[PDB]
Amino acid sequence: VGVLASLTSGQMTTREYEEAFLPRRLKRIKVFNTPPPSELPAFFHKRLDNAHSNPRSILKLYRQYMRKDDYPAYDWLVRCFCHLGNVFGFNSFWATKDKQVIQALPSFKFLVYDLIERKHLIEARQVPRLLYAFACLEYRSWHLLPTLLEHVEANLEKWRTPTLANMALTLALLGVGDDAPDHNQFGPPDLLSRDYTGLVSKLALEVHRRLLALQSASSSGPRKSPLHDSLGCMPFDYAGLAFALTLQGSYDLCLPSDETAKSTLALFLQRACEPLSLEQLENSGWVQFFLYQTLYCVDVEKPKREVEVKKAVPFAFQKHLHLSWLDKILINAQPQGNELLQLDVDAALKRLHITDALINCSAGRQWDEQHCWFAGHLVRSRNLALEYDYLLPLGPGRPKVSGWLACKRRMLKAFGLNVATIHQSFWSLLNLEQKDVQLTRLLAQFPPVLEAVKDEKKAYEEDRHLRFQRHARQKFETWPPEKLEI
Amino acid sequence: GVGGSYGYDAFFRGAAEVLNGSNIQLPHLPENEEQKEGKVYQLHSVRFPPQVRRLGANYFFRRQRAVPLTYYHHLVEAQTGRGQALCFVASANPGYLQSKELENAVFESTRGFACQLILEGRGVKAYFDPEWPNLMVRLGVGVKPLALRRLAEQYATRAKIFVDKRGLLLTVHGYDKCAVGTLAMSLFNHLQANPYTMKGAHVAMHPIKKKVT
Amino acid sequence: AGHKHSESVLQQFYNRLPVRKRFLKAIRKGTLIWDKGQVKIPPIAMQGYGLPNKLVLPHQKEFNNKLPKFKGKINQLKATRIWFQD
Amino acid sequence: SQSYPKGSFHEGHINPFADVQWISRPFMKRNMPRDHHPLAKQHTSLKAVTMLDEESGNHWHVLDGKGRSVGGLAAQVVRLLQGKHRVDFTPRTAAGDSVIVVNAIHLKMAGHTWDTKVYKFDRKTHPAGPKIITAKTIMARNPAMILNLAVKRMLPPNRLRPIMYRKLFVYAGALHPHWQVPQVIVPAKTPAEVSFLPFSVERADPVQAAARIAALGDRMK
Amino acid sequence: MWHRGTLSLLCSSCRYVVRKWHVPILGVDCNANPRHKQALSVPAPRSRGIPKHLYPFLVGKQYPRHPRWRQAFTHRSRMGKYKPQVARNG
Amino acid sequence: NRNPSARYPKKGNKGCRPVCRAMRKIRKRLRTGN
RNA sequence: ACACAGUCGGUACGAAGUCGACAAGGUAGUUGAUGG
RNA sequence: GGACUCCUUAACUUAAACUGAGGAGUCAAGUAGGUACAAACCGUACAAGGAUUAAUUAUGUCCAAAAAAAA
RNA sequence: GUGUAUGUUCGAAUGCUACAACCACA
RNA sequence: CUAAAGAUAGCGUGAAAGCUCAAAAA
RNA sequence: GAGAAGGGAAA
RNA sequence: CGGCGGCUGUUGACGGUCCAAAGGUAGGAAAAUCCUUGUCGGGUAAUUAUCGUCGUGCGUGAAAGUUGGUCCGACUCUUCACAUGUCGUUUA
RNA sequence: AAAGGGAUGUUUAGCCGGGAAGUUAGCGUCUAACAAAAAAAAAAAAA
RNA sequence: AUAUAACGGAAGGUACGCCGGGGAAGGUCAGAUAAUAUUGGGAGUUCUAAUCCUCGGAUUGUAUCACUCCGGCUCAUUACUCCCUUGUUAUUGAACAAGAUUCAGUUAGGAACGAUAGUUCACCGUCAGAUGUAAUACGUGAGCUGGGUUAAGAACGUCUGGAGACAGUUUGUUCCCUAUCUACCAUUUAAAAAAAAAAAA
RNA sequence: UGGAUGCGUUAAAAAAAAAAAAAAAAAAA
RNA sequence: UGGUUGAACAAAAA
Ligand SMILES: [Zn+2]
């Protein structure tokens with residue numbers, strides 16, 4: 001018991017007693033005076049080196065640096081952004097809602113503004129870090145993207161092969177650099193930037209060029225580990241390259257140097273599967289999802305090089321992935337938690353009384369025993385699938401979906417469903433009534449094409465005619481009663 | 001009041017009675033196995049029946065929880081795993097996947113819930129006069145029967161009461177757990193056995209203790 | 001008040017409260033308390049558990065806060081004994 | 001024999017460890033006010049309307065009481081009734097405007113006040129003391145009194161209090177009956193159009209769509 | 001029911017509960033022994049209480065609010081009747 | 001107990017009143033009990 | 001008079017006229033500030 | 001051969017605006033302010049007299065009642 | 001689970017009236 | 001299956017029987 | 001947010 | 001005018017011892033003395049009243065008079081009777 | 001400056017206590033708590 | 001040498017009283033003590049909590065004991081699940097019947113008379129089968145009585161030498177006020193049915 | 001040809017009831 | 001969460 005007998009018995013004084021006889025607004029004595037820092041960069045660099053896990057702490061560091069200086073060190077800003085992204089980097093247990101909250105926070109916007117203001121200070125050695133942070137936070141910044149992409153295209157021959165692979169995967173995830181023309185320009189309509197069509201394809205072709213050059217200039221230098229190849233790439237890098245090619249639908253890609261050229265996707269799959277056994281595959285992780293998704297999308301879209309792409313992967317690997325798909329792979333690979341736009345549209349649908357809208361509902365071909373994709377909402381009586389695009393637009397009023405949702409769109413097309421995509425950059429501008437009106441107009445274009453399946457709670461219908469007259473008084477018909485009426 | 005003025009015990013005595021426990025004669029042992037290990041958490045996943053889809057965003061994505069509760073619906077068209085409709089429910093906290101609401105969602109639409117009351121004694125019998133819902137229960141030889149059609153009317157279309165051939169077992173079945181429990185507990189409150197004579201009803205696995213004068 | 005010419009300050013404070021006479025009876029008996037305009041259940045002292053910090057002296061607050069804390073509901077409470085802190 | 005009435009804590013959870021130990025309401029869950037089902041979603045609230053009449057000098061305020069705290073609304077109403085918002089305020093007259101408050105049935109009191117609160121009315125030389133009436137009883141008989149009794153005792157106790165009191169009009173429902181004063185609850189208007197499409201649409205191939213519809217048709221029905 | 005000023009778990013099957021009586025009341029429920037069913041309904045009357053703003057003048061050593069200075073201040077040079085008798089060289 | 005001496009001071013009295021007992025009684029109890 | 005019955009303050013003319021009076025009016029000596 | 005508050009004490013039932021001591025502060029013999037309301041607590045650049053200027057005392061800043069929450 | 005209904009007390013005392021001991025299982 | 005099991009911690013019987021807990025496994 | 005223990009009633 | 005015992009052995013006829021002028025006798029006696037309503041008896045459904053009685057307790061007490069017979073008193077009390085508005089309880 | 005009876009005049013105490021009292025009265029004389037610029041314990045020393 | 005040791009130096013009564021001056025059932029305190037639970041102990045076949053007795057501490061509280069001019073009648077007002085009546089089905093050492101201990105109200109209707117006695121509280125008797133308790137200046141005497149009790153007379157016992165006296169006992173002994181205000185119960189034509197109210201310039 | 005009273009007779013139900021004394025969009029009589 | 005609710009209960013939660 002902390003009673004402090006010294007105080008309670010009347011031997012010592014209390015701070016409150018002493019201060020009750022002083023002016024109310026005296027200044028507390030600074031017990032310890034230590035010299036304040038002269039250079040802020042090193043101080044905040046040390047603090048950031050200490051902080052890696054709490055986005056609250058990272059943002060507090062940035063806010064304090066902003067309060068102290070109006071032009072914090074650009075390298076420190078880049079490091080802070082990278083740490084914030086790594087907090088959400090691809091293996092965490094965060095929901096997408098947490099990333100959306102961070103994006104909405106004003107401090108995050110101030111950090112992005114500070115980055116944009118001096119974007120000319122970005123060196124070539126920080127572009128992969130920023131692209132990784134963008135992919136992790138699912139925040140596609142069209143202000144900064146042109147400069148980063150210019151750096152990437154300029155340093156094409158100087159990047160490391162695994163860096164090329166990771167950059168291609170991140171760009172495909174963000175939905176940039178695809179093969180569709182007139183869809184890879186940044187800026188407002190009056191001031192449009194360069195067209196970045198085929199950037200991921202050029203990255204993949206550079207990787208293919210290096211791999212072919214290995215055949216001519218092979219070497220037996222030390223490898224970082226058993227899973228690393230001569231170029232320093234692990235199976236994850238090749239699997240991610242294949243996944244990005246699948247996301248952009250560049251199945252028929254090949255290095256133009258030769259007519260008899262093997263598929264680049266086939267090469268990537270082969271070199272991803274070469275150093276892996278079945279026991280290792282069971283624990284590889286994202287590699288399983290990437291490989292099975294590549295095979296499944298290739299089968300669904302039946303491209304020209306489907307046979308070669310399938311022959312790339314070992315049959316034992318295919319069998320293991322097929323039999324283990326529903327155990328952990330898809331559940332661990334799909335986005336976790338909640339999406340705010342999904343919740344908003346779900347509330348709108350409930351208001352409109354669409355009772356057959358299934359959240360995160362999968363669809364597939366008539367003869368597939370397993371489904372590899374999930375729609376944000378599946379209106380199943382109308383053959384409709386509602387998808388949600390919460391990314392930033394390429395410019396004011398120029399939205400675009402991510403590679404994930406583009407591949408899902410193609411898959412749903414192949415399956416035979418109609419696809420309606422809600423773009424948040426437009427949706428957020430509306431209010432409740434306008435949202436309801438526009439959703440009603442959307443549903444008007446897809447009238448009920450089938451009857452809706454009910455999920456009714458079971459009941460004893462045969463008793464529907466029974467009447468409970470609460471407040472019906474007890475009747476005393478006879479004395480003595482022959483029956484004790486309740 | 002509290003928050004603006006100290007109590008006499010907290011002021012003069014420092015609330016020592018809070019720590020003046022003896023620590024023996026406990027009704028339970030303390031939890032000594034925690035050890036503050038800081039164990040490795042994992043992403044647990046369960047494949048619930050597709051009827052779990054009845055619980056939508058209001059339950060899965062709109063409730064406030066410490067960690068995310070991921071939900072997905074796999075709707076495809078002896079058991080082999082692949083080729084059936086089900087619901088993936090995942091989280092980093094296994095306690096979420098043991099919620100009774102998830103099982104209630106399925107049971108409400110598939111099979112419901114049931115309870116049993118057991119009657120004992122001489123001249124104790126439950127029957128219908130002449131059919132459902134004219135449930136009657138007599139609790140002795142000279143005892144007039146109890147009319148219970150009102151409870152059947154109360155819980156019509158969601159619960160039913162079945163009687164045994166011997167008129168000694170009353171099974172309450174239904175499709176809402178709370179309603180079934182309330183119906184059964186009214187019936188039990190109202191047919192409860194007298195411990196000195198033992199004539200009456202008792203809830204299954206909860207026998208009444210016989211008393212002696 | 002009334003036929004009681006002079007009463008205690010605490011009794012007068014209870015008499016002036018603007019609540020139903022039965023909630024006021026609970027307050028008099030100690031099963032309820034009046035606090036900042038509201039009638040509430042009194043704070044619960046749980047043997048072996050730290051009290052809410054508001055109830056302890058400023059110098060005792062740190063020691064009280066270092067004690068074990070109960071963050072469950074009344075059903076989960078395993079404390080051997082409990083009573084209203086006063 | 002008689003016993004205590006059923007309060008709000010007889011119809012929900014009780015958490016003695018929380019500051020808000022139980023949710024309290026003016027009525028039971030089944031007795032709370034609601035809009036008639038077919039006559040709903042036809043009205044919207046501007047929440048506050050002001051009418052200026054420079055000729056007579058008698059100005060009007062019309063306020064929506066839906067979702068507001070009794071005391072929080074009463075303080076603002078007292079300010080308006082006194083006229084302390086006016087640069088020509090004078091303590092010796094009812095220098096404020098006239099006030100109409102609607103939706104008094106939907107006023108809120110935080111905590112356990114709905115279950116605990118009582119109101120006293122003095123009775124001269126009465127051996128049983130003042131007449132005490134329950135807050136729930138007042139809410140059932142005349143919801144306007146809940147706001148009126150707070151405003152009256154927030155007004156100064158001088159001889160001008162009855163005048164400002166008389167200049168106040170409170171109503172339980174959404175609409176007031178004053179002939180020449182605008183309403184705050186008004187008919188709803190269609191949402192304004194917009195110049196952008198919030199959604200994009202892509203159509204499945206007709207043959208595949210036909211195949212899928214045919215396949216689903218038998219499985220469903 | 002056992003009406004108490006304090007509640008305690010008497011066996012492994014006792015548990016704490018809230019009852020919706022005339023008011024909310026704390027209690028103990030037990031499946032095993034009916035005599036273990038308790039209700040915290042008759043505690044001793046609550047204390048008057050000590051306001052928190054009186055703590056500085058209640059707790060700790062308290063020294064006189066008005067100092068004792070006059071006796072030490074006394075001297076003949078400040079008194080008209082006695083100043084003449086004061087001697088600086090005698 | 002009763003008002004003329006049992007009444008506590010209030011903010012603005014600095015813990016003293018002309019005929020008050022409560023403060024000195026509390027201090028004595030804290031010092032040497034009762 | 002609410003008042004040991006006092007004390008300090010205490011209403012701000014006319015247009016109540018009219019053959020009136022920068023940018024717009026759809027001509028009212030009417031009007032300019034305000035999209036989620 | 002005064003009163004009350006404070007500090008230290010003897011007597012008292014570690015009681016009393018109880019009784020009795022040693023020192024400071026107010027009242028007594030000092031208004032107007034705060035402390036809800038008839039001395040003793042807080043505060044005063046304490047009241048010769050007049051006036052429609054000003055000040056961070058105690059102490060306040062939802063209303064009775066003067067006093068902050070742009071974009 | 002098992003020597004074991006351990007010894008003494010007790011008309012008895014078999015883990016659970018009360019005391020002693022509190023050993024024992026490849 | 002492994003491993004663990006108080007000359008007994010809570011029930012129960014006139015005495016026995018019977019259930020639980022401790023321990024170990026999962 | 002306080003003997004907020006003058007009245008109203010506020011986070 | 002005034003006064004008229006104490007501590008002890010055998011319930012003590014009968015002794016011991018101290019003191020004194022004498023150690024309160026006869027007769028009243030729970031009294032205008034003592035006292036919350038002493039024991040027993042009459043009166044009552046029930047008797048802190050009253051009468052008789054015991055001499056149990058406190059005691060009183062002999063012309064500063066003790067105990068009695070009859071009659072008496074605008075004296076203080078107990079009991080029976082009477083028609084009764086004293087009363088349940090009031091009305092014309 | 002004697003004795004007895006009757007008249008006249010005066011007084012018949014302080015302190016604590018309803019009061020009776022009990023005790024007490026010149027001089028000397030035993031029983032004492034206040035705090036850290038009483039702790040190098042804001043100040044000093046050293047640097 | 002002397003008395004001042006009361007050491008700055010010893011008759012009493014007054015209830016027949018008189019004059020001048022001044023006033024103790026409360027307000028307050030909380031020791032015993034009252035309420036609530038709680039701790040220890042002792043009872044209850046077995047059992048610390050069905051129930052009973054007692055001890056310590058805690059909080060709350062003031063029925064009883066330790067600043068004026070008794071009792072009864074009449075009329076009452078307020079508190080306390082409180083004496084009878086309620087909670088089918090709290091607990092019970094609850095078969096039933098008669099009961100016990102608490103907790104609980106939108107507080108609903110009710111609880112008769114006497115002997116001795118100045119009495120209150122009590123004892124005894126009848127009826128009934130429903131001890132009630134406390135406060136309101138131990139409610140109420142400008143509303144009543146005056147039995148006790150606290151003046152002048154007088155007597156017994158007892159104390160002194162006495163006058164006289166006794167928190168000993170007795171008998172006798174003038175109980176005022178025409179209601180101004182507050183309160184309450186009754187009570188009250190109205191715009192006019194008294195008089196007057198004369199402008200505009 | 002009657003009156004009052006209880007020692008006579010009846011009721012013990014209604015309380016949003018029995019009943020009342022101020023119709024009130026009249027904001028400077 | 002359920003008019004389920006005089007001293008009685010069911011569902012969910014951690
Ligand atoms: Zn138990």
Side-chain angles (χ1 to χ4, degrees), chain A residues 429 431 470, chain B residues 3-5 8-9 29 95 99-101 104 177-179 181-182 184-186 189 192 196-197 211 213, chain C residues 2-6 8-10 12-13 16 22 29 36-37 72-73 76 86, chain D residues 1-6 10-13 28 30 58 69-72 74-75 78-79 92 110 125 127 150 153-157 159 179 192, chain E residues 1-6 11-12 20-22 32 34-35 37 39 41-49 51-53 62-71, chain F residues 1-2 4-5 8-20 28 32-34:
Chain A
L429 297 176
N431 55 359
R470 201 202 297 263
Chain B
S5 63
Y8 272 42
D9 180 276
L29 296 166
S99 67
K100 284 187 185 175
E101 295 188 19
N104 290 22
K177 194 185 273 189
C178 171
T182 325
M185 290 306 294
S186 32
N189 166 245
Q192 84 207 240
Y196 303 74
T197 63
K211 280 191 119 155
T213 300
Chain C
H3 301 275
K4 280 126 73 63
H5 181 264
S6 180
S8 101
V9 176
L10 190 81
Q12 289 177 7
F13 166 74
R16 295 183 315 234
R22 103 155 160 273
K29 232 173 286 295
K36 276 134 85 175
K73 308 273 185 54
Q76 308 159 25
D86 167 22
Chain D
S1 290
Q2 302 280 334
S3 160
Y4 55 91
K6 256 54 160 183
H10 294 269
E11 204 180 18
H13 301 117
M28 293 305 182
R30 58 181 184 277
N58 299 320
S69 34
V70 174
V78 161
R79 175 171 170 254
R92 47 203 294 263
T125 317
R153 295 176 297 193
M154 270 193 232
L155 284 169
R159 281 201 159 168
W179 284 327
Chain E
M1 188 96 42
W2 189 11
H3 298 116
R4 302 231 273 165
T6 172
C11 76
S12 190
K20 333 187 295 213
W21 290 4
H22 61 300
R35 305 197 182 194
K37 294 192 296 184
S41 82
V42 277
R46 294 186 66 87
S47 72
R48 158 182 205 183
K52 288 187 177 184
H53 61 93
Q62 306 286 310
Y63 257 81
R65 284 145 173 310
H66 312 296
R68 49 221 176 279
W69 65 274
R70 288 195 185 280
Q71 212 158 28
Chain F
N1 191 349
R2 298 287 218 267
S5 323
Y8 287 108
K10 277 171 171 173
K11 302 230 280 263
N13 280 125
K14 262 193 200 58
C16 302
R17 274 216 146 99
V19 195
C20 168
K28 189 166 188 181
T32 67
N34 179 21

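Below, chains carry the letters A, B, ... as their sequence lines are ordered, and counting in each starts from 1. Below, each value reflects all heavy atoms present in this structure, side chains not excepted, and no hydrogens, waters or symmetry copies.
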Engineer: Where the side chain of F/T32 is concerned, which of P/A13, N/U28, H/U14 is the nearest nucleotide?
Structural biologist: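 Selected nucleotide (nearest to the side chain): H/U14.
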
Engineer: Does D/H13 reach a base, just sugar-phosphate, or nothing at all? Heavy atoms under 4.0 Å.
Structural biologist: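 If one applies the 4.0 Å heavy-atom cut-off, D/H13 turns out to touch a base.
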
Engineer: Any side-chain N or O of F/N13 under 4.0 Å from OP1/OP2 of H/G34?
Structural biologist: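 False: F/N13 side-chain N/O out of range (4.0 Å or more) of H/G34 OP1/OP2.
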
Engineer: For N/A183, take OP1 and OP2 only and decide whether either is under 4.0 Å from a side-chain N or O of D/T125.
Structural biologist: no

Engineer: Quick test of your reading: by the Watson-Crick or G-U wobble rule with a 3.5 Å threshold, is H/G20 paired to H/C6?
Structural biologist: no

Engineer: Would E/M1 and E/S41 count as a side chain to side chain contact (heavy atoms under 4.5 Å, CB included) here? Give the steps.
Structural biologist: CA-CA 10 Å; E/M1 188 96 42; E/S41 82; over 6 Å; no

Engineer: What integer distance in Å separates C/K4:NZ from N/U77:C1'?
Structural biologist: 14 Å

Engineer: Between N/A100 and N/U91, is a Watson-Crick or G-U wobble pair present, with both distances under 3.5 Å?
Structural biologist: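 Taken together, N/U91 and N/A100 make a base pair (Watson-Crick or G-U wobble, both distances under 3.5 Å).
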
Engineer: Is the phosphate of P/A14, meaning OP1 or OP2, less than 4.0 Å from a side-chain N or O of C/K73?
Structural biologist: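 So the side chain of C/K73 is outside the cut-off, no N or O lying under 4.0 Å from OP1 or OP2 of P/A14.
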
Engineer: Consider the side chain of B/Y8, meaning its heavy atoms from C-beta on, and name the nucleotide among N/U60, H/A24, N/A30 that approaches it most closely.
Structural biologist: N/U60

Engineer: Check whether any side-chain nitrogen or oxygen of E/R65 sits under 4.0 Å from OP1 or OP2 of H/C7, and answer yes or no.
Structural biologist: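 So the side chain of E/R65 is outside the cut-off, no N or O lying under 4.0 Å from OP1 or OP2 of H/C7.
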
Engineer: Could one point to a donor on the side chain of B/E101 or the base of P/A12 with an acceptor on the other under 3.5 Å away?
Structural biologist: no

Engineer: Counting heavy atoms from C-beta on, name the nucleotide in N/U38, H/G25, H/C12 closest to the side chain of E/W69.
Structural biologist: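 Of the candidates, H/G25 comes closest.
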
Engineer: Would you say G/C2 has OP1 or OP2 under 4.0 Å from some side-chain N or O of D/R159?
Structural biologist: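 Result: yes.
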
Engineer: So N/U60 and N/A117, Watson-Crick or G-U wobble pair with both distances under 3.5 Å, or not?
Structural biologist: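 Verdict: no pairing.
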
Engineer: Could you encode protein contacts along nucleotides 2-11 of chain K as a string, one character per nucleotide from 5' to 3', using B for base contact, S for sugar-phosphate-only contact and - for no contact, with a heavy-atom cut-off of under 4.0 Å?
Structural biologist: SB-BSBBSSS

Engineer: Could I get the full list of side-chain hydrogen bond (donor to acceptor under 3.5 Å, both in side chains) partners for E/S47, not counting sequence neighbours?
Structural biologist: C/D86

Engineer: Describe the nucleic acid contact of D/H10 in one word from base, sugar-phosphate, nothing, applying a heavy-atom distance below 4.0 Å.
Structural biologist: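 D/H10: base contact, heavy atoms under 4.0 Å.
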
Engineer: Less than 4.0 angstrom between a side-chain N/O of E/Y63 and OP1 or OP2 of M/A35, yes or no?
Structural biologist: yes

Engineer: N/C29 phosphate, OP1 or OP2: any side-chain N/O from F/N1 under 4.0 angstrom?
Structural biologist: yes

Engineer: Test of understanding: with salt bridge (charged side-chain N to carboxylate O under 4.0 Å, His left out), list the residues that count as partners of E/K37, not counting sequence neighbours.
Structural biologist: none

Engineer: Give a yes or no on whether N/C181 and N/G118 are a Watson-Crick or wobble pair, applying the 3.5 Å threshold to both distances.
Structural biologist: no

Engineer: Taking only the side-chain heavy atoms of B/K211 (C-beta and beyond), determine which of G/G36, N/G93, P/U5 contains the nearest atom.
Structural biologist: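 The answer is N/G93, which lies nearest to the side chain.
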
Engineer: To the side chain of E/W21, which of H/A64, N/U106, N/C103 is closest?
Structural biologist: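 Looking only at heavy atoms from C-beta outward on E/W21, the closest nucleotide is N/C103.
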
Engineer: When you look at N/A104 and N/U86 together, do they satisfy the Watson-Crick or wobble criterion (both atom distances under 3.5 Å)?
Structural biologist: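 Given the Watson-Crick and G-U criteria, N/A104 is paired with N/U86.
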
Engineer: Measure from the side-chain heavy atoms of D/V78 and tell me the nearest of N/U81, H/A40, H/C63.
Structural biologist: H/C63

Engineer: Any chance N/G105 and N/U59 qualify as a Watson-Crick or G-U wobble pair, both distances under 3.5 Å?
Structural biologist: no

Engineer: Rounded to the nearest Å, what distance is computed from the CE atom of residue E/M1 to the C1' atom of nucleotide P/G6?
Structural biologist: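 Interatomic distance, CE of E/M1 to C1' of P/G6: 13 Å.
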
Engineer: Strictly below 4.0 Å: does C/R22 bring a side-chain N or O up to OP1 or OP2 of N/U106?
Structural biologist: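 C/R22 to N/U106 OP1/OP2: side-chain N or O found under 4.0 Å.
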
Engineer: Syn versus anti for H/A65, judged by chi lying within 90° of 0?
Structural biologist: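 Here the answer is anti: the torsion falls beyond 90° from 0.
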
Engineer: With a centroid cutoff of 5.5 Å and a plane-angle limit of 30°, would you call E/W2 stacked on N/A49?
Structural biologist: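 Per 5.5 Å and 30° rule: no stacking.
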
Engineer: Between H/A24, N/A104, N/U38, which one does the side chain of D/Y4 approach most closely?
Structural biologist: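 The listed nucleotide nearest to D/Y4's side chain is N/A104.
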
